[PDB]
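Note that we place each Cβ from the backbone using ideal geometry, even for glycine, and neighbour counts take in every protein chain shown. Just so you know, all these numbers are worked out from the coordinates, no wet-lab data involved.
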Protein chains: 2
Amino acid sequence: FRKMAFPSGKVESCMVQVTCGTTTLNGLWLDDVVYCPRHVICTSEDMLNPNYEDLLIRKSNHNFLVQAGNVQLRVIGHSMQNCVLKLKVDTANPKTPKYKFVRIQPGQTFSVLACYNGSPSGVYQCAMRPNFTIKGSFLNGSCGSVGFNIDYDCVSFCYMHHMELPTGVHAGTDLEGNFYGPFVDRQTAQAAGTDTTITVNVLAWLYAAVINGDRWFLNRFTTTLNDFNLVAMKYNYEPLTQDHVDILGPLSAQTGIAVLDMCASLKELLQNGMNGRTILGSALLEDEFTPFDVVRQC
Amino acid sequence: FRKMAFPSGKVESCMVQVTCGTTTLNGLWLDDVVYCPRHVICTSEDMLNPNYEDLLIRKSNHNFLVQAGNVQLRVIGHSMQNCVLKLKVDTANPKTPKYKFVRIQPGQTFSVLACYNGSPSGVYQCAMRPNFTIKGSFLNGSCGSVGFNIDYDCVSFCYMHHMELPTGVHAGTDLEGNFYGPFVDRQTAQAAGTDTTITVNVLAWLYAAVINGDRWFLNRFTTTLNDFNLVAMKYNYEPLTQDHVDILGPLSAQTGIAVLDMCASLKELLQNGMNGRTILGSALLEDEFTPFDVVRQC
Ligand SMILES: CC(C)(C)c1ccc(N(C(=O)c2c[nH]cn2)[C@@H](C(=O)NC2CCCCC2)c2cccnc2)cc1
Ligand SMILES: CC(C)(C)c1ccc(N(C(=O)c2c[nH]cn2)[C@@H](C(=O)NC2CCCCC2)c2cccnc2)cc1
């Protein structure tokens, strides 16, 4: 079992470089529109309290330089939607995939294509944390890199990267420019809230462990939803709902382990630890695999 | 810090499906040649002691079905190079990237594009273990998936997947068809040797931890190389060579921490464990980031 990202080719052909004045970052070119963070129009002076609609009124089309690799795209229009700048260009991207813009929930996973100067640099799998941050690997200029899922030839874009938070985690928007989490695109003392562990994903990963070789944490006992959630609360774990239990249905049937029987296993791990043992090569309880991820793998 | 794969798009465009008889697996389509494991021509009862020279002489071109997406590629010639089959096809791949074939050494990392029936499934980062196996995530029919790097526009193909070993790890060849390690493409009793931890990579990852602001595991001690190796080998670590010490020179200069001072830190980490802490988010010492990988990502 490995953390696996989607093949990124359909998204690589959409990445472009956007330059406004002295600032460069990445854009997403779909049909004849390039999408990028609206803070590309912020200058080092305006970073504390930018007035984005005033900064945008001041800009005109020729203020933006868009490059798809070596070819320059001419900007013929500009507008803002929430925290995303939309640049209308003269040429439709001839490699535009089938795609949707989707907004995901905390606990859901996606692939991130990390880019710099419009050039794809790496791909990795991420999860939206309960506190709405991303534990990404992003350096300066990574803004505009996107997160996505693929469903049989359709790319569902869910994340555009905007900024780094002081604890080293990352904050961004959906592709309609709505932030995930209580964050703003300005220079501020904002910080990630206290995070929690994604319980349904840890259970999915324990099922993944059983499907492979690892069975030492199983036991004869079961628990109740109410009893387990009291322990989840103590250990900073998200509450487990009936809808989570239903989503884990297929894995419960495939193994001989009912969800609340597995909760009995997880309850034990949360207090007594792992007693030196390892689960799928990890000394920690892994929470960035969804139930679907465990089934798409395996 | 994430295990980051290379963007897979250049390789996705080269994956095809190869069928011989009742067996289907993946091939790699570069220019007018499809490369695939020669065991595609093995039959269900050939599997213990096939004579591949005798199996191949009995095939004609039309016994190979090659499919690139929905298009059938016509095989016009075939040839065997060590353990890879080279199928000459009627059409050059119009999306062939700049590429090279490279044989790697243990400790080296690469991205794997897992494919089934010629269609890519996921991408993840991998490493060649000291025992010449791969701890991959491969299912039945993954044979012919390739491992690659892409430093500066050129795809370096370094691994083609052939088989699973009894411990669940994986064996394969370079793109000239020479196996990594002492494995053969036969159904046998073969098993991977005792594996070791890749010491030079653990040290690189500790340097990455310092670069990203974590110093808690450092100590006031140094060590000689020979004393380090005498201790580390008692934890099943690979010996560290003067070559490895030279290789770590740039990370030592960037962080100001002498290589043998980091070795003293590692000795203490092996002695004490983590004591509840993590390093770059891991509760184990990570050994599948090379010194090159750390410089790439940091
Ligand atoms: C204008 C605004 C909103 C204040 C801003 C400023 C800088 C950036 N950062 C660009 O690297 C960058 C590149 N081009 C434009 N910005 C980085 C970033 O977030 N530092 C934050 C640190 C202080 C508080 C606000 C910004 C960054 C680093 C690593 C990974 N991700 C992003 C993002 C947003
Ligand atoms: C003919 C030969 C060399 C013995 C062989 C037979 C089967 C396969 N395996 C194919 O899946 C497969 C082969 N051709 C199409 N698919 C699987 C495989 O290695 N089983 C081994 C089981 C023990 C005995 C040797 C083979 C496989 C590969 C990767 C990940 N999980 C399962 C590989 C090689």
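Observations, loosely collected:
- Positive minus negative residues near residue A:119 (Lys, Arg vs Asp, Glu; Cβ under 14 Å): -1
- Candidate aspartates and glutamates - alpha carbon under 12 Å from residue B:3, same-chain residues fewer than 8 apart omitted: B:286, B:287, B:288, B:293
- Here is how far apart the residue A:230 label points are across copies: 5.6 nm, shortest first, using a point 7 Å from Cα toward Cβ.
- Build a GNM of chain A with springs between Cα atoms under 10 Å apart, and of A:71, A:34, A:16 the one that fluctuates most is A:71.
- The count of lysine pairs in segment B:9-173 that are at least 8 places apart or cross chains, and whose C-alpha atoms lie under 24 Å apart, stands at 14.
- Whole-Å distance, taken between Cα centres, linking segment A:125-199 and segment B:18-57: 45 Å
- Zone residues, segment A:176-201, relative to residue A:101, backbone N less than 14 Å from point 7 Å out along Cα-to-Cβ: A:176-180
- Listed by Cβ neighbour count within 10 Å, with the fewest neighbours leading, A:90, A:46 appear as A:90, A:46.
- Direction-averaged projected area, Cα convex hull, segment A:93-207: 8.2 nm², rounded to one decimal.
- Amide hydrogen neighbours beyond the local backbone of residue B:32, cut-off 5 Å, H modeled: B:93
- Using a simple spin-label model with pseudo-atoms 7 Å out from Cα toward Cβ, residue B:219 and residue A:119 lie 4.3 nm apart.
- Whether the protein assembly as shown is rounded, prolate or oblate, judged on the alpha carbon gyration tensor where a/c under 1.5 counts as rounded: rounded
- Distance between the modelled labels on residue B:268 and residue B:60, one decimal in nanometres: 7.4 nm (7 Å Cα→Cβ projection).
- Spatially, segment A:68-95 and segment B:242-271 are offset by 47 Å when compared through their Cα centroids.
- Kirkwood Rh (inverse of mean 1/r, distinct Cα pairs), segment B:199-297, angstrom: 13.3 Å
- Toward the positive end of the charge dipole of chain A, with +1 on the Cβ of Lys and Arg and -1 on the Cβ of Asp and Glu, the farthest Cα among A:62, A:136, A:167 is that of A:62.
- For chain B, built as a Gaussian network whose Cα springs stay under 10 Å, the top-fluctuating residue of B:154, B:143, B:36: B:154
- Dipole magnitude for the protein assembly as shown: computed about the Cα centre from +1 point charges on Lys and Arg Cβ and -1 point charges on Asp and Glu Cβ, it is near 380 debye.
- Size descriptors for segment A:9-173 (Cα atoms only): Rg and Dmax, in that order, 15.1, 45 Å.
- Here chain B was treated as a single set of alpha-carbon atoms; its pair distances binned every 5 Å from 0 give 1, 5, 12, 15, 16, 13, 11, 9, 7, 6, 4, 2, 1, 0 percent.
- When chain B is treated as a GNM with alpha-carbon contacts under 10 Å, the residue of B:152, B:235, B:52 showing the greatest mean-square fluctuation is B:152.
- Residue-by-residue Karplus 3J(HN,Hα) for segment B:34-39, coefficients 6.51, -1.76, 1.60, Hz, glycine and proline x: 9, 9, 7, x, 5, 6
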